[PDB]
$ cat data-v2.cif   # mmCIF, C-alpha atoms and all ligand atoms
data_model
loop_
_atom_site.group_PDB
_atom_site.id
_atom_site.type_symbol
_atom_site.label_atom_id
_atom_site.label_comp_id
_atom_site.auth_asym_id
_atom_site.auth_seq_id
_atom_site.Cartn_x
_atom_site.Cartn_y
_atom_site.Cartn_z
ATOM 1 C CA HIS A 816 0.000 0.000 0.000
ATOM 2 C CA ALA A 817 1.613 3.239 1.260
ATOM 3 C CA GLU A 818 4.974 1.702 2.179
ATOM 4 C CA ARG A 819 5.258 0.826 -1.517
ATOM 5 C CA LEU A 820 5.322 4.474 -2.619
ATOM 6 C CA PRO A 821 8.457 6.085 -4.231
ATOM 7 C CA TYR A 822 10.611 8.591 -2.321
ATOM 8 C CA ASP A 823 12.806 10.455 -4.838
ATOM 9 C CA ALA A 824 15.295 11.843 -2.270
ATOM 10 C CA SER A 825 17.199 13.661 -5.010
ATOM 11 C CA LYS A 826 14.281 16.081 -5.342
ATOM 12 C CA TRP A 827 12.957 16.383 -1.781
ATOM 13 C CA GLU A 828 15.915 15.720 0.508
ATOM 14 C CA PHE A 829 16.989 18.841 2.361
ATOM 15 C CA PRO A 830 20.091 19.511 4.564
ATOM 16 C CA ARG A 831 19.275 19.331 8.276
ATOM 17 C CA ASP A 832 22.004 21.936 8.784
ATOM 18 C CA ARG A 833 19.907 24.469 6.853
ATOM 19 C CA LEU A 834 17.064 24.422 9.380
ATOM 20 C CA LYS A 835 16.944 26.503 12.552
ATOM 21 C CA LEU A 836 14.171 24.850 14.578
ATOM 22 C CA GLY A 837 11.903 27.219 16.498
ATOM 23 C CA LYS A 838 8.788 27.215 18.686
ATOM 24 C CA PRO A 839 6.525 24.115 18.774
ATOM 25 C CA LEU A 840 3.354 24.406 16.674
ATOM 26 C CA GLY A 841 1.764 21.250 18.033
ATOM 27 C CA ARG A 842 2.611 18.066 19.913
ATOM 28 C CA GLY A 843 1.678 14.428 19.415
ATOM 29 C CA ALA A 844 2.665 10.934 20.540
ATOM 30 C CA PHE A 845 4.403 10.485 17.179
ATOM 31 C CA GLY A 846 6.515 13.539 17.944
ATOM 32 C CA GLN A 847 6.057 17.172 16.956
ATOM 33 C CA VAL A 848 5.282 19.965 14.541
ATOM 34 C CA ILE A 849 7.766 22.801 14.899
ATOM 35 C CA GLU A 850 8.155 26.169 13.233
ATOM 36 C CA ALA A 851 11.561 26.757 11.634
ATOM 37 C CA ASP A 852 13.798 28.556 9.159
ATOM 38 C CA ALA A 853 14.934 27.040 5.884
ATOM 39 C CA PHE A 854 17.983 28.507 4.176
ATOM 40 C CA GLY A 855 17.213 28.364 0.473
ATOM 41 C CA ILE A 856 14.631 25.584 0.475
ATOM 42 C CA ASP A 857 12.866 27.160 -2.497
ATOM 43 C CA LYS A 858 14.234 29.665 -5.032
ATOM 44 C CA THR A 859 12.001 32.735 -4.701
ATOM 45 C CA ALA A 860 13.590 33.612 -1.336
ATOM 46 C CA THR A 861 16.879 33.246 0.547
ATOM 47 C CA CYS A 862 15.544 32.441 4.004
ATOM 48 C CA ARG A 863 12.035 31.009 4.431
ATOM 49 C CA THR A 864 9.771 30.245 7.404
ATOM 50 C CA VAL A 865 8.638 26.633 7.273
ATOM 51 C CA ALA A 866 6.644 24.140 9.317
ATOM 52 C CA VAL A 867 8.282 20.840 10.224
ATOM 53 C CA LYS A 868 6.720 17.640 11.485
ATOM 54 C CA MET A 869 9.145 15.267 13.159
ATOM 55 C CA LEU A 870 9.267 12.106 15.240
ATOM 56 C CA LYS A 871 10.662 11.682 18.742
ATOM 57 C CA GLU A 872 14.348 10.656 18.779
ATOM 58 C CA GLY A 873 13.122 7.445 20.390
ATOM 59 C CA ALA A 874 10.192 6.910 18.044
ATOM 60 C CA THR A 875 8.924 3.439 17.130
ATOM 61 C CA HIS A 876 9.917 1.565 14.007
ATOM 62 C CA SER A 877 6.239 1.750 13.112
ATOM 63 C CA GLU A 878 5.618 5.497 13.204
ATOM 64 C CA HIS A 879 8.783 5.968 11.202
ATOM 65 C CA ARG A 880 6.813 4.363 8.362
ATOM 66 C CA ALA A 881 3.628 6.316 9.070
ATOM 67 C CA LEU A 882 5.588 9.534 8.602
ATOM 68 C CA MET A 883 7.314 8.154 5.506
ATOM 69 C CA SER A 884 3.929 7.255 4.061
ATOM 70 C CA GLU A 885 2.636 10.773 4.592
ATOM 71 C CA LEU A 886 5.709 12.086 2.781
ATOM 72 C CA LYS A 887 5.189 9.629 -0.057
ATOM 73 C CA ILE A 888 1.437 10.317 -0.256
ATOM 74 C CA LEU A 889 1.957 14.101 -0.220
ATOM 75 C CA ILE A 890 4.389 13.592 -3.076
ATOM 76 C CA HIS A 891 1.987 11.283 -4.908
ATOM 77 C CA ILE A 892 -0.923 13.716 -4.524
ATOM 78 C CA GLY A 893 1.112 16.490 -6.018
ATOM 79 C CA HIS A 894 0.478 20.206 -5.724
ATOM 80 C CA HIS A 895 -2.912 21.834 -5.244
ATOM 81 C CA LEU A 896 -3.855 25.255 -3.945
ATOM 82 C CA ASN A 897 -5.873 23.953 -1.032
ATOM 83 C CA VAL A 898 -3.446 21.342 0.184
ATOM 84 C CA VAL A 899 -0.610 22.548 2.397
ATOM 85 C CA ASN A 900 2.469 22.683 0.123
ATOM 86 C CA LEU A 901 5.158 20.074 0.671
ATOM 87 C CA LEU A 902 8.589 21.683 0.432
ATOM 88 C CA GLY A 903 10.965 18.928 1.465
ATOM 89 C CA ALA A 904 12.015 16.303 3.984
ATOM 90 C CA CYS A 905 14.971 14.772 5.816
ATOM 91 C CA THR A 906 15.244 10.999 5.451
ATOM 92 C CA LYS A 907 19.037 10.438 5.548
ATOM 93 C CA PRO A 908 20.503 9.020 8.791
ATOM 94 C CA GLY A 909 21.872 11.358 11.450
ATOM 95 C CA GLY A 910 18.926 13.475 12.564
ATOM 96 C CA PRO A 911 15.268 12.491 13.227
ATOM 97 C CA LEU A 912 12.860 11.952 10.317
ATOM 98 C CA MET A 913 11.375 15.254 9.136
ATOM 99 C CA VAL A 914 8.777 16.486 6.632
ATOM 100 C CA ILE A 915 8.874 20.184 5.698
ATOM 101 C CA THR A 916 5.875 22.183 4.496
ATOM 102 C CA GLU A 917 5.120 25.829 3.843
ATOM 103 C CA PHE A 918 4.139 27.865 6.879
ATOM 104 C CA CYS A 919 0.576 29.107 7.180
ATOM 105 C CA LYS A 920 0.543 32.394 9.065
ATOM 106 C CA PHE A 921 -2.862 32.304 10.709
ATOM 107 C CA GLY A 922 -2.800 28.669 11.783
ATOM 108 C CA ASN A 923 -5.691 26.245 12.177
ATOM 109 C CA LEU A 924 -9.127 27.439 11.160
ATOM 110 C CA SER A 925 -10.872 26.384 14.363
ATOM 111 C CA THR A 926 -8.771 28.645 16.549
ATOM 112 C CA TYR A 927 -8.975 31.487 14.026
ATOM 113 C CA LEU A 928 -12.727 31.316 13.599
ATOM 114 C CA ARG A 929 -13.218 31.291 17.354
ATOM 115 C CA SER A 930 -11.322 34.587 17.630
ATOM 116 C CA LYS A 931 -13.678 36.374 15.225
ATOM 117 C CA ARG A 932 -16.953 35.609 17.018
ATOM 118 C CA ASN A 933 -17.347 39.276 17.928
ATOM 119 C CA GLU A 934 -16.199 40.386 14.504
ATOM 120 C CA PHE A 935 -18.767 38.793 12.244
ATOM 121 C CA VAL A 936 -21.763 40.080 10.288
ATOM 122 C CA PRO A 937 -23.660 38.044 7.688
ATOM 123 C CA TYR A 938 -23.385 40.845 5.147
ATOM 124 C CA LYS A 939 -21.305 44.014 5.140
ATOM 125 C CA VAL A 990 -23.055 47.381 4.702
ATOM 126 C CA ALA A 991 -21.994 51.012 4.202
ATOM 127 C CA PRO A 992 -20.154 52.739 5.892
ATOM 128 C CA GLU A 993 -18.424 49.446 4.945
ATOM 129 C CA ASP A 994 -15.248 50.501 6.739
ATOM 130 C CA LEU A 995 -16.789 49.692 10.112
ATOM 131 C CA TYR A 996 -16.535 46.115 8.887
ATOM 132 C CA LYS A 997 -13.042 46.062 7.442
ATOM 133 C CA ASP A 998 -11.529 42.794 8.663
ATOM 134 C CA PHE A 999 -14.826 41.172 9.638
ATOM 135 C CA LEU A 1000 -15.867 37.692 8.566
ATOM 136 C CA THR A 1001 -19.047 37.266 6.527
ATOM 137 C CA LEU A 1002 -21.171 34.433 5.120
ATOM 138 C CA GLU A 1003 -19.156 34.857 1.957
ATOM 139 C CA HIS A 1004 -15.955 34.080 3.867
ATOM 140 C CA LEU A 1005 -17.491 31.036 5.500
ATOM 141 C CA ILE A 1006 -19.035 29.708 2.320
ATOM 142 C CA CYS A 1007 -15.741 30.335 0.584
ATOM 143 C CA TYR A 1008 -13.692 28.403 3.171
ATOM 144 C CA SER A 1009 -16.061 25.459 2.773
ATOM 145 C CA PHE A 1010 -15.887 25.769 -0.992
ATOM 146 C CA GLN A 1011 -12.086 25.639 -0.933
ATOM 147 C CA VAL A 1012 -11.922 22.659 1.400
ATOM 148 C CA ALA A 1013 -14.402 20.795 -0.767
ATOM 149 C CA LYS A 1014 -12.173 21.609 -3.734
ATOM 150 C CA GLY A 1015 -9.121 20.225 -2.007
ATOM 151 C CA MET A 1016 -10.980 17.077 -1.064
ATOM 152 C CA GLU A 1017 -12.216 16.658 -4.619
ATOM 153 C CA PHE A 1018 -8.539 16.814 -5.598
ATOM 154 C CA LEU A 1019 -7.589 14.199 -2.997
ATOM 155 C CA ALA A 1020 -10.374 12.018 -4.328
ATOM 156 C CA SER A 1021 -9.035 12.641 -7.832
ATOM 157 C CA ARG A 1022 -5.562 11.354 -6.909
ATOM 158 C CA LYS A 1023 -7.319 8.564 -5.045
ATOM 159 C CA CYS A 1024 -6.396 9.497 -1.446
ATOM 160 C CA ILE A 1025 -8.359 9.890 1.769
ATOM 161 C CA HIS A 1026 -7.494 12.282 4.591
ATOM 162 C CA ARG A 1027 -8.845 10.269 7.550
ATOM 163 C CA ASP A 1028 -9.145 13.104 10.046
ATOM 164 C CA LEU A 1029 -10.691 16.035 8.227
ATOM 165 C CA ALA A 1030 -11.552 18.743 10.770
ATOM 166 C CA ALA A 1031 -11.267 22.497 11.311
ATOM 167 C CA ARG A 1032 -8.145 21.954 13.432
ATOM 168 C CA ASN A 1033 -6.607 20.352 10.328
ATOM 169 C CA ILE A 1034 -7.440 23.271 8.026
ATOM 170 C CA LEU A 1035 -4.989 26.176 7.851
ATOM 171 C CA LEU A 1036 -5.729 29.808 7.031
ATOM 172 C CA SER A 1037 -3.063 31.312 4.772
ATOM 173 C CA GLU A 1038 -2.820 34.797 3.286
ATOM 174 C CA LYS A 1039 -5.732 36.188 1.283
ATOM 175 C CA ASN A 1040 -8.465 33.999 2.716
ATOM 176 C CA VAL A 1041 -6.989 30.880 1.145
ATOM 177 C CA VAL A 1042 -7.452 27.740 3.189
ATOM 178 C CA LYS A 1043 -5.297 24.656 3.070
ATOM 179 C CA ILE A 1044 -5.984 21.073 4.154
ATOM 180 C CA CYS A 1045 -3.336 19.598 6.447
ATOM 181 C CA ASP A 1046 -2.771 17.036 9.190
ATOM 182 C CA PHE A 1047 -1.184 17.873 12.551
ATOM 183 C CA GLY A 1048 -1.524 14.257 13.554
ATOM 184 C CA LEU A 1049 -0.188 11.067 12.049
ATOM 185 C CA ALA A 1050 -3.054 9.266 10.268
ATOM 186 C CA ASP A 1064 -6.295 11.407 21.803
ATOM 187 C CA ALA A 1065 -7.157 14.753 23.468
ATOM 188 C CA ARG A 1066 -8.455 15.881 20.072
ATOM 189 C CA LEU A 1067 -11.458 13.533 20.512
ATOM 190 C CA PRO A 1068 -11.374 12.228 16.884
ATOM 191 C CA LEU A 1069 -14.535 10.108 17.256
ATOM 192 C CA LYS A 1070 -16.514 13.326 16.829
ATOM 193 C CA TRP A 1071 -15.397 13.451 13.194
ATOM 194 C CA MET A 1072 -15.943 9.761 12.336
ATOM 195 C CA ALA A 1073 -18.691 8.221 10.236
ATOM 196 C CA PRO A 1074 -20.571 5.240 11.768
ATOM 197 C CA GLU A 1075 -19.071 2.779 9.292
ATOM 198 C CA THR A 1076 -15.688 3.942 10.598
ATOM 199 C CA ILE A 1077 -16.462 3.860 14.292
ATOM 200 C CA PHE A 1078 -18.129 0.442 14.311
ATOM 201 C CA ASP A 1079 -16.347 -1.344 11.455
ATOM 202 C CA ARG A 1080 -13.110 0.651 11.241
ATOM 203 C CA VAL A 1081 -13.582 1.223 7.487
ATOM 204 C CA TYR A 1082 -12.132 4.408 5.911
ATOM 205 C CA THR A 1083 -13.356 5.511 2.463
ATOM 206 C CA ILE A 1084 -13.622 8.758 0.537
ATOM 207 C CA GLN A 1085 -17.288 8.818 1.554
ATOM 208 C CA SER A 1086 -16.542 8.688 5.277
ATOM 209 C CA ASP A 1087 -14.397 11.770 4.639
ATOM 210 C CA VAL A 1088 -17.586 13.345 3.339
ATOM 211 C CA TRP A 1089 -19.178 12.671 6.724
ATOM 212 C CA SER A 1090 -16.205 14.381 8.345
ATOM 213 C CA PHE A 1091 -16.630 17.248 5.899
ATOM 214 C CA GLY A 1092 -20.111 17.623 7.345
ATOM 215 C CA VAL A 1093 -18.769 18.090 10.863
ATOM 216 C CA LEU A 1094 -16.274 20.616 9.492
ATOM 217 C CA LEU A 1095 -19.109 22.643 7.954
ATOM 218 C CA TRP A 1096 -20.842 22.688 11.327
ATOM 219 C CA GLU A 1097 -17.521 23.822 12.777
ATOM 220 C CA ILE A 1098 -17.164 26.644 10.301
ATOM 221 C CA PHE A 1099 -20.730 27.899 10.811
ATOM 222 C CA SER A 1100 -20.550 27.688 14.591
ATOM 223 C CA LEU A 1101 -17.582 29.979 14.245
ATOM 224 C CA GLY A 1102 -15.155 27.428 15.603
ATOM 225 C CA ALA A 1103 -17.397 25.816 18.205
ATOM 226 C CA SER A 1104 -16.723 22.257 19.384
ATOM 227 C CA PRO A 1105 -18.663 19.368 17.697
ATOM 228 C CA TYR A 1106 -21.444 17.813 19.831
ATOM 229 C CA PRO A 1107 -21.191 20.591 22.481
ATOM 230 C CA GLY A 1108 -21.359 19.318 26.017
ATOM 231 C CA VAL A 1109 -22.104 15.772 24.863
ATOM 232 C CA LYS A 1110 -20.158 12.900 26.356
ATOM 233 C CA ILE A 1111 -18.480 10.803 23.657
ATOM 234 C CA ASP A 1112 -19.257 7.368 25.085
ATOM 235 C CA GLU A 1113 -21.077 4.113 24.339
ATOM 236 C CA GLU A 1114 -24.404 5.922 24.099
ATOM 237 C CA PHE A 1115 -23.012 8.485 21.669
ATOM 238 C CA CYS A 1116 -21.982 5.784 19.189
ATOM 239 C CA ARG A 1117 -25.431 4.234 19.657
ATOM 240 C CA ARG A 1118 -27.587 7.350 19.221
ATOM 241 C CA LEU A 1119 -25.466 8.223 16.186
ATOM 242 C CA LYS A 1120 -26.200 4.930 14.449
ATOM 243 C CA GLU A 1121 -29.834 5.418 15.420
ATOM 244 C CA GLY A 1122 -29.798 8.580 13.341
ATOM 245 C CA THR A 1123 -29.186 11.496 15.730
ATOM 246 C CA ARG A 1124 -27.387 14.595 14.386
ATOM 247 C CA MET A 1125 -26.385 18.041 15.685
ATOM 248 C CA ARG A 1126 -28.807 20.940 15.523
ATOM 249 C CA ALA A 1127 -28.077 23.826 13.198
ATOM 250 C CA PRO A 1128 -25.069 25.907 14.297
ATOM 251 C CA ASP A 1129 -25.474 29.588 15.172
ATOM 252 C CA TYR A 1130 -24.440 31.138 11.851
ATOM 253 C CA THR A 1131 -25.496 28.614 9.234
ATOM 254 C CA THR A 1132 -28.014 29.131 6.455
ATOM 255 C CA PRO A 1133 -30.969 26.821 5.749
ATOM 256 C CA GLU A 1134 -29.133 25.391 2.751
ATOM 257 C CA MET A 1135 -25.780 24.891 4.462
ATOM 258 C CA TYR A 1136 -27.421 23.066 7.346
ATOM 259 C CA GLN A 1137 -29.219 20.832 4.893
ATOM 260 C CA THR A 1138 -25.867 20.079 3.276
ATOM 261 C CA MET A 1139 -24.478 19.046 6.652
ATOM 262 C CA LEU A 1140 -27.388 16.642 6.963
ATOM 263 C CA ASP A 1141 -26.794 15.429 3.400
ATOM 264 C CA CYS A 1142 -23.255 14.574 4.472
ATOM 265 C CA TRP A 1143 -24.472 12.748 7.568
ATOM 266 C CA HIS A 1144 -26.636 10.243 5.756
ATOM 267 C CA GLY A 1145 -26.384 6.854 7.447
ATOM 268 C CA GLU A 1146 -25.644 5.306 4.061
ATOM 269 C CA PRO A 1147 -22.164 6.103 2.714
ATOM 270 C CA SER A 1148 -23.353 5.863 -0.893
ATOM 271 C CA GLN A 1149 -26.220 8.270 -0.120
ATOM 272 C CA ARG A 1150 -23.850 11.020 0.919
ATOM 273 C CA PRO A 1151 -22.937 13.546 -1.734
ATOM 274 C CA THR A 1152 -19.546 13.283 -3.402
ATOM 275 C CA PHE A 1153 -16.909 15.986 -3.143
ATOM 276 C CA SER A 1154 -17.487 16.864 -6.802
ATOM 277 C CA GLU A 1155 -21.163 17.373 -6.125
ATOM 278 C CA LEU A 1156 -20.237 19.268 -2.944
ATOM 279 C CA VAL A 1157 -17.839 21.503 -4.889
ATOM 280 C CA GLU A 1158 -20.654 22.196 -7.352
ATOM 281 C CA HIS A 1159 -23.374 22.759 -4.773
ATOM 282 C CA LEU A 1160 -21.153 24.942 -2.574
ATOM 283 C CA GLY A 1161 -20.039 26.980 -5.563
ATOM 284 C CA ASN A 1162 -23.692 27.653 -6.295
ATOM 285 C CA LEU A 1163 -24.270 28.791 -2.721
ATOM 286 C CA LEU A 1164 -21.260 31.069 -2.928
ATOM 287 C CA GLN A 1165 -22.532 32.672 -6.111
ATOM 288 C CA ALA A 1166 -26.108 32.784 -4.814
ATOM 289 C CA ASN A 1167 -24.910 34.534 -1.669
ATOM 290 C CA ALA A 1168 -23.316 37.471 -3.462
ATOM 291 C CA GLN A 1169 -26.656 38.451 -4.956
ATOM 292 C CA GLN A 1170 -28.308 38.467 -1.535
HETATM 293 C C1 LIG B 1 0.719 28.854 12.364
HETATM 294 N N1 LIG B 1 1.007 27.824 11.365
HETATM 295 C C2 LIG B 1 0.983 26.502 11.695
HETATM 296 O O1 LIG B 1 0.720 26.094 12.844
HETATM 297 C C3 LIG B 1 1.300 25.607 10.562
HETATM 298 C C4 LIG B 1 1.610 24.282 10.849
HETATM 299 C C5 LIG B 1 1.915 23.398 9.805
HETATM 300 O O2 LIG B 1 2.211 22.110 10.252
HETATM 301 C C6 LIG B 1 2.287 20.977 9.454
HETATM 302 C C7 LIG B 1 3.561 20.405 9.240
HETATM 303 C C8 LIG B 1 3.695 19.228 8.478
HETATM 304 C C9 LIG B 1 2.572 18.632 7.938
HETATM 305 N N2 LIG B 1 2.382 17.507 7.181
HETATM 306 C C10 LIG B 1 1.065 17.402 6.941
HETATM 307 N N3 LIG B 1 0.497 16.293 6.161
HETATM 308 C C11 LIG B 1 -0.537 16.321 5.273
HETATM 309 C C12 LIG B 1 -1.088 17.497 4.704
HETATM 310 C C13 LIG B 1 -2.155 17.404 3.785
HETATM 311 C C14 LIG B 1 -2.669 16.131 3.436
HETATM 312 CL CL1 LIG B 1 -3.983 16.139 2.288
HETATM 313 C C15 LIG B 1 -2.124 14.927 4.007
HETATM 314 C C16 LIG B 1 -2.615 13.518 3.686
HETATM 315 F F1 LIG B 1 -2.077 12.619 4.520
HETATM 316 F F2 LIG B 1 -3.928 13.462 3.798
HETATM 317 F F3 LIG B 1 -2.240 13.282 2.446
HETATM 318 C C17 LIG B 1 -1.057 15.076 4.921
HETATM 319 N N4 LIG B 1 0.366 18.403 7.498
HETATM 320 C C18 LIG B 1 1.271 19.210 8.146
HETATM 321 C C19 LIG B 1 1.136 20.368 8.894
HETATM 322 C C20 LIG B 1 1.905 23.872 8.465
HETATM 323 C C21 LIG B 1 1.583 25.221 8.256
HETATM 324 N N5 LIG B 1 1.284 26.077 9.278
#
$ encode --input "data-v2.cif" --output "structure tokens" --more "lines below"
Ligand SMILES: CNC(=O)c1cc(Oc2ccc3nc(Nc4ccc(Cl)c(C(F)(F)F)c4)[nH]c3c2)ccn1
Amino acid sequence: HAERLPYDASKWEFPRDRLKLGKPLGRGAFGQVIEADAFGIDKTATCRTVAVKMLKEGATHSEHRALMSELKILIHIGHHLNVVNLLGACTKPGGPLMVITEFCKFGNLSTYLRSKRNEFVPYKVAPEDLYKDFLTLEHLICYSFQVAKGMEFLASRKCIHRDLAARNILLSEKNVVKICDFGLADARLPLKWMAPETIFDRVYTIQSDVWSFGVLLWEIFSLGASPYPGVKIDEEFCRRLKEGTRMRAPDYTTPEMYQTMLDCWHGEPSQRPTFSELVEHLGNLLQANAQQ
């Protein structure tokens, strides 16, 4: 499967001595995600800020492969605007295993959205300057549109994310969002983003990612709220879920967006929309929103 993917070190290998590791950006059992400086990793710059995911110096022989798979998969997928850009890696012996991606200034979308709760209006109005730097339904529909586009792309190159959530979406410059993974596909309570077929039968498909995409939409339109607020993720949660229970509409959604969340939460994988359809439907909503 993944282990069998090609790592062309001549094109991605980067000198560990050209990286000045900085402040941690996130922790994990696998190891860490650190901010850093790359001396001439790309060409349009001399010194660039990059994000680096790396294992613990005493990391298992298993994770070492997990991280190598991610590197191979990211390479296989190729470049897309809404997928965090892979810049390089460090496989050679000597230092720990490291994957290097572009740095996204504003970090994960969940945190970001939460900080704009008191800076959000559905639609801007004149003066129009009293709203400069406010989030609007257009922004939210756009973020969802972009993620759906990146997932369509992942589908296209036949890959699945496995843990699609707001915390794994990064806000870059000019309202451009990028899909990423701070983990190595847990205090992050991942069951909240899993489709029933995944929870009960541990089966991961592109359609279960669509279920996750539904939780992400609820996250975006709750302005960063936490999925299944207050609810205890236990035996009964898994049960109720399979029985057909879903979350109520978030605080800033629109009738259509909430319906789309529901569409994504169909109990039947094959009854859930597909990312292409989602990209088309969302695009419509975006364009329908501008009008009014
Ligand atoms: C304030 N800025 C940040 O906190 C920050 C962290 C960051 O961390 C990383 C560092 C390395 C990474 N490697 C990934 N893997 C990844 C990214 C996208 C996709 Cl689609 C897939 C997978 F596995 F699904 F193919 C895997 N995500 C990563 C995220 C990258 C950019 N900005």
$ residues_near_ligand --input "data-v2.cif" --ligand "ligand LIG 1 (chain B)" --cutoff "8 Å" --atoms "all atoms listed in the file" --output "short mmCIF file (atom, residue, chain, number, x, y, z; two decimals) with C-alpha atoms, keeping the file's coordinate frame"
data_model
loop_
_atom_site.label_atom_id
_atom_site.label_comp_id
_atom_site.auth_asym_id
_atom_site.auth_seq_id
_atom_site.Cartn_x
_atom_site.Cartn_y
_atom_site.Cartn_z
CA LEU A 840 3.35 24.41 16.67
CA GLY A 841 1.76 21.25 18.03
CA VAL A 848 5.28 19.96 14.54
CA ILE A 849 7.77 22.80 14.90
CA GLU A 850 8.15 26.17 13.23
CA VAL A 865 8.64 26.63 7.27
CA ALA A 866 6.64 24.14 9.32
CA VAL A 867 8.28 20.84 10.22
CA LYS A 868 6.72 17.64 11.48
CA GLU A 885 2.64 10.77 4.59
CA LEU A 886 5.71 12.09 2.78
CA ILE A 888 1.44 10.32 -0.26
CA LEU A 889 1.96 14.10 -0.22
CA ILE A 892 -0.92 13.72 -4.52
CA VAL A 898 -3.45 21.34 0.18
CA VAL A 899 -0.61 22.55 2.40
CA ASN A 900 2.47 22.68 0.12
CA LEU A 901 5.16 20.07 0.67
CA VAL A 914 8.78 16.49 6.63
CA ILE A 915 8.87 20.18 5.70
CA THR A 916 5.88 22.18 4.50
CA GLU A 917 5.12 25.83 3.84
CA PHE A 918 4.14 27.86 6.88
CA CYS A 919 0.58 29.11 7.18
CA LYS A 920 0.54 32.39 9.06
CA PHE A 921 -2.86 32.30 10.71
CA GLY A 922 -2.80 28.67 11.78
CA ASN A 923 -5.69 26.24 12.18
CA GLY A 1015 -9.12 20.23 -2.01
CA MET A 1016 -10.98 17.08 -1.06
CA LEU A 1019 -7.59 14.20 -3.00
CA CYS A 1024 -6.40 9.50 -1.45
CA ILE A 1025 -8.36 9.89 1.77
CA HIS A 1026 -7.49 12.28 4.59
CA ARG A 1027 -8.85 10.27 7.55
CA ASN A 1033 -6.61 20.35 10.33
CA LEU A 1035 -4.99 26.18 7.85
CA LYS A 1043 -5.30 24.66 3.07
CA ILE A 1044 -5.98 21.07 4.15
CA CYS A 1045 -3.34 19.60 6.45
CA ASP A 1046 -2.77 17.04 9.19
CA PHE A 1047 -1.18 17.87 12.55
CA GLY A 1048 -1.52 14.26 13.55
CA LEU A 1049 -0.19 11.07 12.05
CA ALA A 1050 -3.05 9.27 10.27
#
$ resolve_selection --input "data-v2.cif" --expression "the PyMOL selection byres (((chain A and resi 937-1002) around 10) and not hetatm)" --output "PyMOL selection string"
chain A and resi 928+931-936+1003-1008+1099+1101+1130-1132+1164+1167-1168+1170
$ axis_aligned_box --input "data-v2.cif" --around "segment 1124-1141 of chain A" --padding-each-side "8 Å" --output "lines of an AutoDock Vina configuration file"
center_x = -27.7
center_y = 22.9
center_z = 9.2
size_x = 22.5
size_y = 32.5
size_z = 28.9
$ closest_residue --input "data-v2.cif" --among "A:1083, A:897, A:1037, A:1137" --to "residue 1023 of chain A" --atoms "only C-alpha atoms"
A:1083
$ residues_around --input "data-v2.cif" --residues "residue 883 of chain A" --least-positions-apart "4" --cutoff "9 Å" --atoms "all atoms listed in the file" --output "list in words"
residues 817, 818, 822, 878, 879, 887, 888, 906, 912, 913 and 914 of chain A
$ atom_distance --input "data-v2.cif" --atom1 "atom CA of residue 1134 of chain A" --atom2 "atom CA of residue 1095 of chain A"
11.6 Å
$ residues_around --input "data-v2.cif" --residues "segment 1107-1115 of chain A" --least-positions-apart "4" --cutoff "8 Å" --atoms "only C-alpha atoms" --output "CSV table (one decimal) with C-alpha atoms, in the coordinates of the input"
chain,number,residue,atom,x,y,z
A,1069,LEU,CA,-14.5,10.1,17.3
A,1070,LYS,CA,-16.5,13.3,16.8
A,1103,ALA,CA,-17.4,25.8,18.2
A,1119,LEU,CA,-25.5,8.2,16.2
$ residues_around --input "data-v2.cif" --residues "segment 825-836 of chain A" --least-positions-apart "4" --cutoff "7 Å" --atoms "all atoms listed in the file" --output "list in words"
residues 849, 850, 851, 852, 853, 854, 903, 904, 905 and 906 of chain A
$ residues_around --input "data-v2.cif" --residues "residue 1147 of chain A" --least-positions-apart "4" --cutoff "10 Å" --atoms "all atoms listed in the file" --output "PDB file with C-alpha atoms, in the coordinates of the input"
ATOM      1  CA  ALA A1073     -18.691   8.221  10.236  1.00  0.00           C
ATOM      2  CA  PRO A1074     -20.571   5.240  11.768  1.00  0.00           C
ATOM      3  CA  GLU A1075     -19.071   2.779   9.292  1.00  0.00           C
ATOM      4  CA  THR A1083     -13.356   5.511   2.463  1.00  0.00           C
ATOM      5  CA  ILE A1084     -13.622   8.758   0.537  1.00  0.00           C
ATOM      6  CA  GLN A1085     -17.288   8.818   1.554  1.00  0.00           C
ATOM      7  CA  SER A1086     -16.542   8.688   5.277  1.00  0.00           C
ATOM      8  CA  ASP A1087     -14.397  11.770   4.639  1.00  0.00           C
ATOM      9  CA  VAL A1088     -17.586  13.345   3.339  1.00  0.00           C
ATOM     10  CA  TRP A1089     -19.178  12.671   6.724  1.00  0.00           C
ATOM     11  CA  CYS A1142     -23.255  14.574   4.472  1.00  0.00           C
ATOM     12  CA  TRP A1143     -24.472  12.748   7.568  1.00  0.00           C
ATOM     13  CA  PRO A1151     -22.937  13.546  -1.734  1.00  0.00           C
ATOM     14  CA  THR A1152     -19.546  13.283  -3.402  1.00  0.00           C
TER      15      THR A1152
END
$ closest_residue --input "data-v2.cif" --among "A:877, A:1154, A:861, A:1138" --to "residue 845 of chain A" --atoms "all atoms listed in the file"
A:877
$ atom_distance --input "data-v2.cif" --atom1 "atom CA of residue 1038 of chain A" --atom2 "atom CA of residue 1091 of chain A"
22.5 Å
$ atom_distance --input "data-v2.cif" --atom1 "atom CA of residue 1011 of chain A" --atom2 "atom CA of residue 1041 of chain A"
7.6 Å
$ closest_residue --input "data-v2.cif" --among "A:1169, A:1009, A:1076, A:859" --to "residue 1092 of chain A" --atoms "all atoms listed in the file"
A:1009
$ closest_residue --input "data-v2.cif" --among "A:893, A:902, A:1012, A:927" --to "residue 855 of chain A" --atoms "only C-alpha atoms"
A:902
$ closest_residue --input "data-v2.cif" --among "A:1077, A:1098, A:1093, A:1156" --to "residue 1116 of chain A" --atoms "only C-alpha atoms"
A:1077
$ residues_around --input "data-v2.cif" --residues "residue 1096 of chain A" --least-positions-apart "4" --cutoff "8 Å" --atoms "all atoms listed in the file" --output "PyMOL selection string"
chain A and resi 1092+1100+1105+1127-1128+1131+1136+1139
